[PDB]
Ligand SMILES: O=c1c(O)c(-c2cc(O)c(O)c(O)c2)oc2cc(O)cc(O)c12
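Quick heads-up: it's one chain on its own, the form deposited without the ligand, in structure tokens.
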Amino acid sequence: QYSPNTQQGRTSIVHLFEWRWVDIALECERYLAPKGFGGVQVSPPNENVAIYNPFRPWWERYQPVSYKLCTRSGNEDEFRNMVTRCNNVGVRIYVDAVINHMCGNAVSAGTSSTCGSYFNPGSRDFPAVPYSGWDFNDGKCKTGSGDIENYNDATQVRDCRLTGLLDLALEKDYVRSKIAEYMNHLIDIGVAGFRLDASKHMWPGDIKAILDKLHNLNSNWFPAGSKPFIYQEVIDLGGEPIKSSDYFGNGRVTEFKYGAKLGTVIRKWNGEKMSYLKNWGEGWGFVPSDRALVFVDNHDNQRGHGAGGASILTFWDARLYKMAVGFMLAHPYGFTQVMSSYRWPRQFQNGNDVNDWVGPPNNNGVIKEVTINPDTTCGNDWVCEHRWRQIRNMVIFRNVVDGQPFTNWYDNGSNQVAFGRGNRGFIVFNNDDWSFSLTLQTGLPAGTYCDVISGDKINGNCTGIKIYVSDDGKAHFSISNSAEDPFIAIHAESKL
């Protein structure tokens, strides 16, 4: 469960946020597989509530109505077709599992579902599963509002409604069975793992009970005895009753301190400088590397809905974003997840986006298909950060240096640092307010290397910058503080 279950070599997964099943299937064959991506995290594939006020927000997908594979991304057949085509190409699929709750208790009863299933939140009656009033913690919670009021109370945080979402009683074998039945369906279809949404709101023991009823990965693509990869969404920063270590027994956990910290350092906020990254990792209070799932930003905190706050770097800050992601992909700590999102009309009104709810590109509710431009970029407002040369080439970098030790670190004491990975890769950063010109020991074999940030290597020709490594692994690097991308990266596979 700690093993991603990706093909040998592939070291990253990408979140194709709100993408359609059919677009993902194509992307797997036309780009993800060839560019070395390890897998894809998909948006919840089960039926959810169709919220029309605001108009189809992205967060409506976190309010389940049933476990039918019927959403705006596609139906069961399209979902199945996607898993098969991606697996057949070596790209794994990880599902965002919303098993801690159902829909809002204040939501109106009826058939406003992505699949037309009937539901009645008022009477806790979800016939498509089926679930009834006896399957919720309505009588287990103590709070006056029935919702979580005090996060210093681990109990109410687990038994009370998270912002009004109907809280399922995961202690009952019936509920655990219904959920496991849904998860086994996905496993048998071919998924390699799951993201356990809102894990902090579930008892570590209830989760384990559910994982105990899960089948092994499909023997057609995975070796016998393979267990699904498990990463739990636990927002744990500092001094909270619930520690992420409490979930180490079920699988990996999302390390939200990673992106929050990296964001302030790159932004150079409150005295932080890149030279401090010398001991990045557990040395900064992070969970053990072998239990961490890291990222710069996620669908939640990229729009202010998650931990990290204002220090979080997103595609909106392209220049600084690329460096942060470049640094994360080059550093050996944890398992990396790349973000892929869409553009929305950010309407900041007194320091808060009033349009952070806006859903994916759409035509009257119907999600717009992902178009590819001649320059390999996406249209229809899909950002496709994963298609950015600087990001995609760093994804490949991590694969190439997989297993190599962190070495040859250098820093000017401010914001000019560099380090290598064994003898397979080397990266240089310039985040200071002045040019960088110095000869450094890369620890790489002599030869001409293409800088994979400014360009690419194609049939023995570099389309960008070229670095020359001496017989003693030394090479000269020049980075202006005015450069489009103030960092250079070279590896064994970019050598001419």
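The first residue of the sequence shown is number 1, and the count goes up from there.
For the pair 120-128 and 252-260, the record assigns the higher mean C-alpha temperature factor to 120-128.
Of the two stretches examined, 185-193 and 302-310, the record assigns the greater average C-alpha temperature factor to 302-310. In this entry, the residue among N152, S199, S113, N415 with the greatest C-alpha B factor is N152.
If you compare the C-alpha temperature factors of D297, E171, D212, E78 in the entry, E171 comes out highest. When the modelled residues of the chain are ordered by C-alpha B-factor, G351 sits in the highest third.
The PDB entry assigns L496 a C-alpha temperature factor belonging to the highest third of its chain's modelled residues.
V14: CA B factor lies in the lowest third for its chain, per the PDB record.
In the PDB entry, a CA B factor belonging to the lowest third of its chain's modelled residues is recorded for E27.
Annotation for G36: CA B-factor lies in the middle third of the chain's modelled residues.
Form deposited with the ligand bound: not shown, discussed below.
With the partner omitted from this view, the residue of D153, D411, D402, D197 that lies near the ligand in the entry with it bound is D197 [heavy atom within 4.5 Å]. Only one of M328, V98, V191, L313 comes within 4.5 Å of the ligand in the entry with it bound through a heavy atom, and that residue is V98. Of the candidate stretches 157-165, 215-223, 181-189, 422-430, only 157-165 has residues with heavy atoms within 4.5 Å of the ligand in the entry with it bound. Proximity of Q63 to the ligand in the entry with it bound: non-hydrogen atoms within 4.5 Å are present. For the stretch 225-251, the set of residues having any non-hydrogen atom within 4.5 angstroms of the ligand in the entry with it bound comprises only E233.
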